[PDB]
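The sequence shown runs -2 to 131 under the authors' numbering. Backbone N, C-alpha and C define an ideal beta-carbon position, used for all residues, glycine too. Structure first, then comments.
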Amino acid sequence: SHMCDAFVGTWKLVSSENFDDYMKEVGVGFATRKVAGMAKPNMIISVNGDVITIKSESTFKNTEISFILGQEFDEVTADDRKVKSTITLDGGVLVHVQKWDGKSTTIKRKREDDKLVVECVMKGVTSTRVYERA
Ligand SMILES: O=C(O)[C@H]1[C@@H]2C=C[C@@]3(CN(CCc4ccccc4)C(=O)[C@@H]13)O2
């Protein structure tokens, strides 16, 4: 057993708070915000050796990232930002920083009870997204 055991699995979004304002702060346009905001993604987290893969599947977009902790990688976000991403473990919390155009946003994922809680921060705006096991 290992680094992300407690994240691994299939998860379904059950609640979202403040996500439209988070997207606005990030720079997402009106139409994308409205469509993206309806989606209830299935997130699939898996580990193979040192490589973590996070897939998100929904009616809006299907995305996939694979990475090694601490090692920066290129990412195209669902809203079509081209970002430089680094994901680390900080006391049991997966911390994902995305940098683009002199801007930065941080996405934190933590296991709380039987849920996976996702905190998305851009400047002063925080959104919380809660996932249950699928
Ligand atoms: O993990 C989350 O809950 C949040 C966090 C911040 C942004 C995303 C990207 N992502 C997958 C692509 C997407 C985007 C918008 C709506 C549906 C699907 C999320 O679901 C968003 O990671």
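To the nearest angstrom, how far is the alpha carbon of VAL32 from that of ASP87? 32 Å
Between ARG130 and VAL115, how many whole angstroms is the CB-CB distance? I'm expecting something under 8 Å. Not quite, the Cβ-Cβ distance comes to about 14 Å (not below 8 Å), so this is no contact.
When you compare the CB positions of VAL80 and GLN95, do they come within less than 8 Å of one another, or not? yes
Output needed for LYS9: all residues of its chain with C-beta closer than 7 Å, excluding positions within five of it in sequence on either side, in chain order. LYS37, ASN39, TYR128, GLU129 and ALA131
Let me check you understand the geometry: is the CB of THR60 closer than 7 Å to at least one non-hydrogen atom of ligand 1? yes
Identify which residue in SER12, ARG30, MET119 and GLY89 has its Cα closest to the Cα of residue 133. Here the chain comprises residues numbered -2 to 131, so residue 133 is not present and cannot be evaluated.
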